[PDB]
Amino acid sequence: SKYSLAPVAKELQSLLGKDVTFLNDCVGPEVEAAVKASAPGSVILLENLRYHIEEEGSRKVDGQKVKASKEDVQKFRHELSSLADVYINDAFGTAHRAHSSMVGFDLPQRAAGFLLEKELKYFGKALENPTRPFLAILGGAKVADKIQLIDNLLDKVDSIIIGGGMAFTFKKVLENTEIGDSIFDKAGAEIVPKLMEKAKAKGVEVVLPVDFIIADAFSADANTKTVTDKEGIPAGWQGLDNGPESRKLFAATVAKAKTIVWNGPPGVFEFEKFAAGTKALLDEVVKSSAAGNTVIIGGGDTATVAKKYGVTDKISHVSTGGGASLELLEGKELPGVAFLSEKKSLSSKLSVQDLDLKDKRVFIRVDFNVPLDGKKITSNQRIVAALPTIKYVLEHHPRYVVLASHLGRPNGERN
C-alpha cells in the first residue's frame, strides 16, 4: 500500500541497528496484543496514524468534508493512550495541529523530545533574547495572512525585510508605487499603516524592494524585464522577483544582523527565471552564519530553498516545521506544545530527559513523514533526525518503545 510506513520500519532497523517490529495498524486489540507480546526493550513502529480519520479528526470524501464525532475520536485517543506509560512528542511539524497523536494522551508523563526541544529553543532565544541586530526576513504573496506574524515580530526585531508578492501592497500603499498586475491585497492595504506606525514607534527599519523582475505572464517562460519602483510596473506585467538593487539593499541589511529569522523567499524561486533574488538572499544568509551569526530559516518554503541549493549544513537552524514555525513566529501557542509540560515557555517544557523511563512503555510521536517517489523513501533525513530521542529512550531500559507517525495523505483511510 502507498502510504504504508513499512519501508520506514525497514530503514529505521538498519539506522538503529536494532530490530524494529512493524505493526499493520496503530490501534486495536491486535496492536494491543502484539505490543504486549514484545520482548523487553523492543522498538515497535505502528502503521500510518492518518489511515484513521480521527487522527486529524476529519477527511474529505469527494470534496465533501466528513468530520468524525468527538466520541469516536476520544476512542482512538484512548486506544493510542493504552499503549503507553510515557508520551514523548518529537514531531515539531505537526505540533500546531490539535491532532490525536498530538493532544490525546491523557497522562502526566508527557515530554518533548530532543528535536522538538531544539526547534522551540532556537525560535525561543531568537524571539526572546537575541544577539542584536535581530533581523527578520519575510516573503509571501499575501500580507493579510502575515498580520499577526509581522505584528508579533515588530515587538522584537530591529530590522525587517518584507519581500515577495506581499511587498507590493506595502509599496503601493506607502510609496504609491506603480505596481502593474502585481498581487495587490485590498484587505492588507488597510492594515499596512497601522503596522508601519508600530515599526516607527519601536525603532524598526522596514526594508522593501526598490526594483523588480517583472513578467508578462505568471509562468516559467514569460517575457521578463527589470524595472525600478520609480519606473513602475506596466499593465500586463507583475513583479515575480527581486531586482538587482533590492538585492544589494537586502544584502546590506543582512550584513548588519547578528540574529536572522528567514520566513519566505523574496521571489518565485521555483521558477528558474525568478529565482535570482532568492539565491542571492540565501547566499547572504550563509555568509552571515559563516561569519558566526545566528541564521534560522523557518517555514517549509524557505527550508526548501536551503535544501534546493544544498546549504542546510551552513545554516544555524532550518526548521522542520513549516506551519509550526510560522505559529511560533506569530507567537501562537502550538496545540501540541501547550499540551506539553510546565514552565510555559519554548525554551522550557518537560523533556524526555526529565522523566524516568526504565520499565516504561514509551510512546513516541516521531516524524517519519519522509518523501516518497519510489514507494520507498527518497530522503531518510526525517528518520535519521529522529534517532537521538529513540536511542536516548532505548539506552534507558524501557518496557519497549512504540513509535507512531503519519506519512503522505492516506486521507483517513488505508491507501
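When you see a residue number, it is the position in the sequence shown, counting from 1.
A.B. asks: If you average the Cα B factors in the entry, which is higher, 84 to 92 or 340 to 348?
C.D. replies: In the deposited entry, the stretch with the higher C-alpha B-factor mean is 340 to 348.
A.B. asks: Looking at the deposited entry, does 242 to 250 or 125 to 133 carry the larger mean Cα B-factor?
C.D. replies: Mean C-alpha B-factor is greater for 125 to 133.
A.B. asks: Reading the B-factor column of the entry, which of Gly104, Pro209, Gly264, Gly232 has the highest value at its C-alpha atom?
C.D. replies: Highest CA B-factor of the listed options: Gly232.
A.B. asks: Identify, among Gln353, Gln64, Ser58, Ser69, the residue whose C-alpha carries the highest B-factor in the deposited PDB entry.
C.D. replies: Answer for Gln353, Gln64, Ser58, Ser69: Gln64, with the highest C-alpha B-factor.
A.B. asks: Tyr309's Cα B-factor: lowest, middle or highest third of the chain?
C.D. replies: For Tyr309, whose C-alpha B-factor we compare with every modelled residue in the chain, the answer is the highest third.
A.B. asks: If you rank every modelled residue in this chain by C-alpha B factor, which third holds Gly321: lowest, middle or highest?
C.D. replies: Within its chain, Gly321 is a highest-third residue by C-alpha B-factor, going by the deposited values.
A.B. asks: Determine, from the deposited record, the chain-internal third of the Cα B-factor for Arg382: lowest, middle or highest.
C.D. replies: CA B-factor rank for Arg382: middle third.
A.B. asks: Compare the C-alpha B factor of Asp283 with those of the other modelled residues in its chain, then answer lowest, middle or highest third.
C.D. replies: Ranked within chain, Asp283 CA B lands in the middle tercile.
A.B. asks: Is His406 in the lowest, middle or highest third of its chain when residues are ranked by C-alpha B-factor?
C.D. replies: As the PDB entry reports it, the C-alpha B-factor of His406 lands in the lowest third of its chain.
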